[PDB]
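See below for run-v9.tsv, which holds TSV, C-alpha atoms and all ligand atoms.
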```tsv
chain	number	residue	atom	x	y	z
O	1	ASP	CA	13.82	7.28	-0.11
O	2	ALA	CA	11.45	5.19	1.98
O	3	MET	CA	7.87	5.38	0.78
O	4	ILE	CA	4.76	4.31	2.61
O	5	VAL	CA	1.09	4.50	1.66
O	6	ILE	CA	-1.71	4.38	4.30
O	7	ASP	CA	-5.48	4.54	4.07
O	8	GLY	CA	-7.52	7.14	5.93
O	9	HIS	CA	-7.33	5.07	9.14
O	10	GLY	CA	-3.53	5.02	9.25
O	11	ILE	CA	-3.31	1.45	8.00
O	12	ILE	CA	-0.28	0.65	5.83
O	13	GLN	CA	-1.31	-0.38	2.32
O	14	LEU	CA	2.09	-0.30	0.62
O	15	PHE	CA	5.62	-0.36	2.05
O	16	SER	CA	8.63	0.02	-0.26
O	17	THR	CA	11.89	-1.93	-0.21
O	18	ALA	CA	13.81	1.08	1.00
O	19	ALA	CA	11.31	1.48	3.84
O	20	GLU	CA	11.95	-2.14	4.85
O	21	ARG	CA	15.67	-1.38	5.01
O	22	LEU	CA	15.09	1.75	7.04
O	23	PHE	CA	12.43	0.67	9.60
O	24	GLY	CA	13.36	-3.01	9.91
O	25	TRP	CA	9.92	-4.44	8.99
O	26	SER	CA	9.30	-6.47	5.86
O	27	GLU	CA	6.49	-5.45	3.52
O	28	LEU	CA	4.34	-8.38	4.64
O	29	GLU	CA	4.78	-7.60	8.31
O	30	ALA	CA	4.07	-3.93	7.75
O	31	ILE	CA	0.99	-4.05	5.56
O	32	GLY	CA	-2.00	-4.46	7.80
O	33	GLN	CA	-0.38	-2.54	10.69
O	34	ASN	CA	-1.23	1.01	11.74
O	35	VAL	CA	1.52	3.44	10.64
O	36	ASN	CA	1.95	4.38	14.34
O	37	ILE	CA	4.13	1.30	14.69
O	38	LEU	CA	6.90	3.41	13.04
O	39	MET	CA	7.25	6.15	15.70
O	40	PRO	CA	7.67	6.35	19.51
O	41	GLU	CA	5.29	7.71	22.16
O	42	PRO	CA	3.77	10.34	22.53
O	43	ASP	CA	3.18	10.58	18.71
O	44	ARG	CA	2.32	6.87	18.49
O	45	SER	CA	-0.85	7.04	20.67
O	46	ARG	CA	-1.72	10.43	19.24
O	47	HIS	CA	-1.21	9.47	15.60
O	48	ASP	CA	-4.84	8.55	14.83
O	49	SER	CA	-6.05	11.91	16.25
O	50	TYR	CA	-3.54	13.73	14.02
O	51	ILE	CA	-5.15	12.04	10.95
O	52	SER	CA	-8.75	12.42	12.27
O	53	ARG	CA	-8.12	16.06	13.08
O	54	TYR	CA	-6.84	16.65	9.56
O	55	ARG	CA	-9.77	14.88	7.89
O	56	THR	CA	-12.21	16.88	10.05
O	57	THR	CA	-10.64	20.32	9.63
O	58	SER	CA	-8.76	20.01	6.34
O	59	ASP	CA	-6.14	22.21	8.05
O	60	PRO	CA	-2.78	20.56	7.37
O	61	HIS	CA	0.14	20.56	9.78
O	62	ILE	CA	2.53	18.54	7.67
O	63	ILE	CA	0.96	17.89	4.24
O	64	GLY	CA	2.43	20.44	1.83
O	65	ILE	CA	4.87	21.61	4.52
O	66	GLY	CA	7.22	18.81	5.60
O	67	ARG	CA	8.66	18.16	9.09
O	68	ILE	CA	11.73	16.56	10.68
O	69	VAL	CA	10.55	14.06	13.29
O	70	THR	CA	11.68	11.00	15.23
O	71	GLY	CA	10.87	7.61	13.72
O	72	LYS	CA	11.30	4.24	15.47
O	73	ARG	CA	12.94	1.07	14.11
O	74	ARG	CA	11.85	-2.50	14.78
O	75	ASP	CA	14.76	-3.08	17.17
O	76	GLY	CA	13.46	-0.09	19.13
O	77	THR	CA	16.08	2.49	18.17
O	78	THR	CA	14.89	6.01	17.29
O	79	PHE	CA	16.21	8.29	14.55
O	80	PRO	CA	15.59	11.75	12.97
O	81	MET	CA	13.92	11.82	9.60
O	82	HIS	CA	12.32	14.33	7.25
O	83	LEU	CA	8.67	13.42	6.49
O	84	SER	CA	6.75	14.68	3.39
O	85	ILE	CA	3.08	13.66	2.98
O	86	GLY	CA	1.06	13.58	-0.23
O	87	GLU	CA	-2.72	13.06	-0.28
O	88	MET	CA	-4.42	10.88	-2.89
O	89	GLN	CA	-7.85	9.36	-3.54
O	90	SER	CA	-8.67	5.86	-4.78
O	91	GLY	CA	-12.00	4.03	-4.89
O	92	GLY	CA	-13.73	7.00	-3.26
O	93	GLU	CA	-11.55	6.96	-0.12
O	94	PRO	CA	-8.45	8.93	0.95
O	95	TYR	CA	-4.96	7.48	0.96
O	96	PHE	CA	-1.77	9.24	2.07
O	97	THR	CA	1.78	8.74	0.84
O	98	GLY	CA	4.70	9.38	3.18
O	99	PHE	CA	8.24	10.05	1.92
O	100	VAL	CA	10.88	9.46	4.50
O	101	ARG	CA	14.45	10.78	4.42
O	102	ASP	CA	16.79	9.32	7.03
O	103	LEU	CA	18.66	12.19	8.65
O	104	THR	CA	20.81	10.16	11.11
O	105	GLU	CA	24.05	10.90	9.21
O	106	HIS	CA	23.30	14.64	9.14
O	107	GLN	CA	22.50	14.67	12.85
O	108	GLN	CA	25.66	12.67	13.65
O	109	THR	CA	28.06	14.84	11.64
O	110	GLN	CA	26.48	17.98	13.10
O	111	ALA	CA	26.92	16.64	16.63
O	112	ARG	CA	30.51	15.50	15.95
O	113	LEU	CA	31.42	18.94	14.50
O	114	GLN	CA	29.98	20.49	17.64
O	115	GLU	CA	31.77	18.23	20.17
O	116	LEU	CA	35.16	18.96	18.59
O	117	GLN	CA	34.46	22.62	19.47
O	201	LIG	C1	7.04	7.37	11.10
O	201	LIG	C2	7.30	8.75	11.71
O	201	LIG	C3	6.08	9.67	11.83
O	201	LIG	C4	5.89	10.61	12.78
O	201	LIG	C5	6.82	10.96	13.94
O	201	LIG	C6	4.69	11.32	12.43
O	201	LIG	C7	4.19	12.35	13.16
O	201	LIG	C8	3.16	13.16	12.82
O	201	LIG	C9	2.78	14.42	13.44
O	201	LIG	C10	3.52	15.06	14.63
O	201	LIG	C11	1.71	14.90	12.79
O	201	LIG	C12	1.07	16.31	12.90
O	201	LIG	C13	0.47	16.57	14.29
O	201	LIG	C14	0.33	18.07	14.61
O	201	LIG	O1	1.25	18.84	14.31
O	201	LIG	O2	-0.80	18.40	15.08
O	201	LIG	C15	1.36	13.94	11.77
O	201	LIG	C16	0.33	14.06	10.88
O	201	LIG	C17	-0.02	13.10	9.94
O	201	LIG	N1	0.73	11.97	9.65
O	201	LIG	FE1	2.35	11.31	10.55
O	201	LIG	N2	4.11	10.74	11.31
O	201	LIG	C18	4.96	9.74	10.91
O	201	LIG	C19	4.83	9.09	9.70
O	201	LIG	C20	3.76	9.22	8.86
O	201	LIG	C21	3.63	8.51	7.61
O	201	LIG	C22	4.66	7.46	7.09
O	201	LIG	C23	2.48	8.91	7.07
O	201	LIG	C24	1.87	8.63	5.69
O	201	LIG	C25	2.32	7.29	5.09
O	201	LIG	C26	1.87	9.84	7.98
O	201	LIG	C27	0.61	10.38	7.85
O	201	LIG	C28	0.11	11.43	8.53
O	201	LIG	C29	-1.06	12.22	8.17
O	201	LIG	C30	-1.97	11.95	6.97
O	201	LIG	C31	-1.12	13.24	9.04
O	201	LIG	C32	-2.00	14.48	8.98
O	201	LIG	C33	-1.50	15.45	7.88
O	201	LIG	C34	-1.52	16.91	8.22
O	201	LIG	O3	-1.77	17.20	9.38
O	201	LIG	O4	-1.23	17.72	7.34
O	201	LIG	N3	2.64	10.01	9.08
O	201	LIG	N4	2.28	12.89	11.81
```
Once you've parsed the file, please lay out its structure as structure tokens.
Ligand code: HEM
Amino acid sequence: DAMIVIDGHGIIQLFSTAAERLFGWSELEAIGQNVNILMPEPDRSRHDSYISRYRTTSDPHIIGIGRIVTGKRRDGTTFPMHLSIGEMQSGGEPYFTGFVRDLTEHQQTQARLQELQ
């Protein structure tokens, strides 16, 4: 699916091809940007505190659990996606890997089945 790797400050280190297709940002444009550029407010402005909080408490809210959330594309459209987060270490510092599964199709079918009674 789409895969993204960020350092402990939420900065995008790696951005896969599939992620480019999904979020609308090329790898070059993405790397160097905070991961918060991939979601809408209120998560966006709160994203750093989510990471800081985790690093301070070591009490996960998504790592090892998963969560369906709303991501944001370059053109500004929002969409539902399942997010899985793995934690890694490299060069003495933490890195996090996010696996994104686009759930738009699932949401759409579900809504269509509901509107037709
Ligand atoms: C792009 C859509 C995304 C949204 C909507 C989102 C949202 C969130 C939310 C709501 C939390 C937990 C806050 C709480 O419950 O207190 C969180 C935690 C975090 N997010 Fe994101 N996130 C996104 C993508 C990512 C990606 C791509 C990564 C990794 C590449 C990532 C890394 C983290 C980390 C490391 C934490 C803390 C982990 C934990 O609490 O267990 N996020 N995010």
Write out as a compact mmCIF listing (two decimals) with C-alpha atoms, in the coordinates of the input which residues come within 12 Å of segment 93-108 of chain O when counting all atoms listed in the file, dropping same-chain ones fewer than 5 positions away.
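Saved the output as result_35.txt:
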```txt
# COMPACT_ATOMS: atom_id res chain seq x y z
CA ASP O 1 13.82 7.28 -0.11
CA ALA O 2 11.45 5.19 1.98
CA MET O 3 7.87 5.38 0.78
CA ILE O 4 4.76 4.31 2.61
CA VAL O 5 1.09 4.50 1.66
CA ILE O 6 -1.71 4.38 4.30
CA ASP O 7 -5.48 4.54 4.07
CA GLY O 8 -7.52 7.14 5.93
CA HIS O 9 -7.33 5.07 9.14
CA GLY O 10 -3.53 5.02 9.25
CA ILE O 11 -3.31 1.45 8.00
CA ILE O 12 -0.28 0.65 5.83
CA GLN O 13 -1.31 -0.38 2.32
CA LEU O 14 2.09 -0.30 0.62
CA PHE O 15 5.62 -0.36 2.05
CA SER O 16 8.63 0.02 -0.26
CA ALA O 18 13.81 1.08 1.00
CA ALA O 19 11.31 1.48 3.84
CA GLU O 20 11.95 -2.14 4.85
CA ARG O 21 15.67 -1.38 5.01
CA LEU O 22 15.09 1.75 7.04
CA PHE O 23 12.43 0.67 9.60
CA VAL O 35 1.52 3.44 10.64
CA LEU O 38 6.90 3.41 13.04
CA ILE O 51 -5.15 12.04 10.95
CA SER O 52 -8.75 12.42 12.27
CA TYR O 54 -6.84 16.65 9.56
CA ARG O 55 -9.77 14.88 7.89
CA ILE O 62 2.53 18.54 7.67
CA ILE O 63 0.96 17.89 4.24
CA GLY O 64 2.43 20.44 1.83
CA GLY O 66 7.22 18.81 5.60
CA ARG O 67 8.66 18.16 9.09
CA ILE O 68 11.73 16.56 10.68
CA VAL O 69 10.55 14.06 13.29
CA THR O 70 11.68 11.00 15.23
CA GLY O 71 10.87 7.61 13.72
CA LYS O 72 11.30 4.24 15.47
CA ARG O 73 12.94 1.07 14.11
CA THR O 77 16.08 2.49 18.17
CA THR O 78 14.89 6.01 17.29
CA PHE O 79 16.21 8.29 14.55
CA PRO O 80 15.59 11.75 12.97
CA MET O 81 13.92 11.82 9.60
CA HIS O 82 12.32 14.33 7.25
CA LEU O 83 8.67 13.42 6.49
CA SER O 84 6.75 14.68 3.39
CA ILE O 85 3.08 13.66 2.98
CA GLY O 86 1.06 13.58 -0.23
CA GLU O 87 -2.72 13.06 -0.28
CA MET O 88 -4.42 10.88 -2.89
CA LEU O 113 31.42 18.94 14.50
CA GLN O 114 29.98 20.49 17.64
CA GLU O 115 31.77 18.23 20.17
```
Could you tell me which of O:74, O:90, O:49, O:116 comes closest to residue 30 of chain O if we count all atoms listed in the file?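 For residue 30 of chain O, the nearest of the given residues is O:74.
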Pick from O:76, O:92, O:24, O:60: nearest to ligand LIG 201 (chain O), with only C-alpha atoms and all ligand atoms counted? O:60
Between O:36, O:117, O:17, O:45, which has the minimum distance to ligand LIG 201 (chain O) (counting only C-alpha atoms and all ligand atoms)?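 With only C-alpha atoms and all ligand atoms as the atom set, the closest residue is O:36.
Between atom CA of residue 44 of chain O and atom CA of residue 111 of chain O the separation is 26.5 Å.
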For a quick check of understanding, using only C-alpha atoms and all ligand atoms, which of O:48, O:89, O:61, O:37 has the smallest distance to ligand LIG 201 (chain O)? O:61
Determine the nearest neighbour of ligand LIG 201 (chain O) from the options O:41, O:50, O:91, O:58, counting all atoms listed in the file.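 Residue with the minimum atom-to-atom distance to ligand LIG 201 (chain O): O:50.
The spacing separating atom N2 of ligand LIG 201 (chain O) from atom CA of residue 43 of chain O amounts to 7.5 Å.
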Counting only C-alpha atoms and all ligand atoms, which residue out of O:25, O:56, O:33, O:47 sits closest to ligand LIG 201 (chain O)?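 Between O:25, O:56, O:33, O:47, the residue approaching ligand LIG 201 (chain O) most closely is O:47.
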Take atom CA of residue 112 of chain O and atom CA of residue 75 of chain O and report the distance between them in Å, one decimal. 24.4 Å
At the level of N, CA and C atoms, write segment 62-110 of chain O to a file as a short mmCIF file (atom, residue, chain, number, x, y, z; two decimals), in the first residue's frame, please.
```
data_model
loop_
_atom_site.label_atom_id
_atom_site.label_comp_id
_atom_site.auth_asym_id
_atom_site.auth_seq_id
_atom_site.Cartn_x
_atom_site.Cartn_y
_atom_site.Cartn_z
N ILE O 62 -1.84 4.40 18.51
CA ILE O 62 -2.03 3.79 17.20
C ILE O 62 -1.01 2.68 16.93
N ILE O 63 0.25 2.90 17.27
CA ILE O 63 1.28 1.87 17.07
C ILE O 63 0.78 0.56 17.70
N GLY O 64 0.87 -0.53 16.94
CA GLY O 64 0.44 -1.83 17.41
C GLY O 64 -1.07 -1.98 17.56
N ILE O 65 -1.83 -1.00 17.08
CA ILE O 65 -3.28 -1.02 17.17
C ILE O 65 -3.98 -0.79 15.82
N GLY O 66 -3.56 0.25 15.10
CA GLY O 66 -4.17 0.57 13.83
C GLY O 66 -5.31 1.55 14.06
N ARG O 67 -5.72 2.29 13.03
CA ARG O 67 -6.81 3.26 13.13
C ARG O 67 -7.23 3.73 11.74
N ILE O 68 -8.52 3.96 11.56
CA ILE O 68 -9.04 4.44 10.28
C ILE O 68 -9.16 5.94 10.51
N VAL O 69 -8.53 6.73 9.66
CA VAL O 69 -8.53 8.18 9.83
C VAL O 69 -8.75 8.85 8.46
N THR O 70 -8.76 10.17 8.50
CA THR O 70 -8.95 10.97 7.30
C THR O 70 -7.61 11.57 6.87
N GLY O 71 -7.19 11.24 5.66
CA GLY O 71 -5.95 11.77 5.11
C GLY O 71 -6.36 12.89 4.16
N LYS O 72 -5.39 13.67 3.69
CA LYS O 72 -5.65 14.79 2.78
C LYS O 72 -4.71 14.73 1.58
N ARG O 73 -5.27 14.89 0.38
CA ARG O 73 -4.50 14.85 -0.86
C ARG O 73 -3.98 16.25 -1.19
N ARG O 74 -3.06 16.31 -2.14
CA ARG O 74 -2.46 17.58 -2.54
C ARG O 74 -3.51 18.56 -3.03
N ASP O 75 -4.44 18.07 -3.86
CA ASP O 75 -5.51 18.90 -4.40
C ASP O 75 -6.50 19.35 -3.32
N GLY O 76 -6.26 18.92 -2.07
CA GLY O 76 -7.14 19.31 -0.99
C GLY O 76 -8.30 18.38 -0.66
N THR O 77 -8.51 17.33 -1.43
CA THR O 77 -9.59 16.41 -1.10
C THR O 77 -9.20 15.49 0.08
N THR O 78 -10.18 15.11 0.88
CA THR O 78 -9.94 14.24 2.02
C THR O 78 -10.49 12.86 1.70
N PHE O 79 -9.97 11.85 2.40
CA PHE O 79 -10.37 10.46 2.19
C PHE O 79 -10.09 9.62 3.44
N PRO O 80 -10.84 8.51 3.61
CA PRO O 80 -10.69 7.59 4.74
C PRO O 80 -9.59 6.58 4.41
N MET O 81 -8.78 6.27 5.41
CA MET O 81 -7.68 5.37 5.20
C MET O 81 -7.36 4.65 6.49
N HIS O 82 -6.86 3.42 6.37
CA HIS O 82 -6.45 2.68 7.57
C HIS O 82 -4.96 3.00 7.73
N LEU O 83 -4.53 3.32 8.94
CA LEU O 83 -3.12 3.64 9.20
C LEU O 83 -2.52 2.64 10.20
N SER O 84 -1.38 2.03 9.85
CA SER O 84 -0.66 1.11 10.74
C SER O 84 0.72 1.75 10.91
N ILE O 85 1.25 1.74 12.12
CA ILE O 85 2.54 2.42 12.38
C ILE O 85 3.53 1.47 13.05
N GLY O 86 4.70 1.34 12.44
CA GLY O 86 5.76 0.51 13.00
C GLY O 86 6.82 1.47 13.53
N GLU O 87 7.55 1.07 14.56
CA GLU O 87 8.60 1.88 15.15
C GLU O 87 9.94 1.19 14.87
N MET O 88 10.93 1.98 14.48
CA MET O 88 12.24 1.45 14.18
C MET O 88 13.28 2.37 14.80
N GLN O 89 14.54 1.96 14.74
CA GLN O 89 15.66 2.76 15.26
C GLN O 89 16.77 2.69 14.23
N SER O 90 17.45 3.81 13.99
CA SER O 90 18.56 3.83 13.05
C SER O 90 19.47 4.97 13.50
N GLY O 91 20.78 4.70 13.53
CA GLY O 91 21.74 5.70 13.95
C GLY O 91 21.49 6.30 15.32
N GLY O 92 20.89 5.52 16.22
CA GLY O 92 20.60 5.99 17.57
C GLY O 92 19.31 6.78 17.75
N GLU O 93 18.61 7.08 16.65
CA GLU O 93 17.37 7.85 16.74
C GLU O 93 16.14 7.10 16.21
N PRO O 94 14.95 7.43 16.73
CA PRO O 94 13.73 6.75 16.29
C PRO O 94 13.20 7.18 14.93
N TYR O 95 12.65 6.21 14.22
CA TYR O 95 12.04 6.45 12.92
C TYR O 95 10.71 5.70 13.00
N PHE O 96 9.71 6.14 12.24
CA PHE O 96 8.42 5.45 12.28
C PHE O 96 7.99 5.20 10.85
N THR O 97 7.40 4.04 10.62
CA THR O 97 6.94 3.66 9.30
C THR O 97 5.42 3.62 9.32
N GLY O 98 4.79 4.32 8.38
CA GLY O 98 3.34 4.31 8.28
C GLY O 98 2.88 3.56 7.03
N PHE O 99 1.91 2.66 7.21
CA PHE O 99 1.34 1.88 6.13
C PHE O 99 -0.08 2.36 5.95
N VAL O 100 -0.35 2.86 4.76
CA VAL O 100 -1.63 3.45 4.48
C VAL O 100 -2.45 2.65 3.50
N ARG O 101 -3.70 2.36 3.88
CA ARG O 101 -4.63 1.62 3.02
C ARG O 101 -5.80 2.52 2.69
N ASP O 102 -5.93 2.87 1.42
CA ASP O 102 -7.00 3.74 0.95
C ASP O 102 -8.33 2.99 1.10
N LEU O 103 -9.25 3.59 1.83
CA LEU O 103 -10.54 2.99 2.10
C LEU O 103 -11.70 3.68 1.38
N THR O 104 -11.39 4.61 0.47
CA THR O 104 -12.42 5.35 -0.27
C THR O 104 -13.50 4.44 -0.90
N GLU O 105 -13.05 3.42 -1.62
CA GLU O 105 -13.91 2.46 -2.31
C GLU O 105 -14.86 1.78 -1.34
N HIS O 106 -14.32 1.33 -0.20
CA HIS O 106 -15.11 0.69 0.84
C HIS O 106 -16.16 1.65 1.37
N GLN O 107 -15.75 2.89 1.65
CA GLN O 107 -16.68 3.88 2.18
C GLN O 107 -17.78 4.17 1.16
N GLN O 108 -17.38 4.30 -0.11
CA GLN O 108 -18.34 4.60 -1.19
C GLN O 108 -19.39 3.52 -1.42
N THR O 109 -18.95 2.28 -1.49
CA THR O 109 -19.85 1.14 -1.68
C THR O 109 -20.82 1.07 -0.51
N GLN O 110 -20.28 1.21 0.70
CA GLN O 110 -21.08 1.16 1.93
C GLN O 110 -22.15 2.22 1.93
#
```
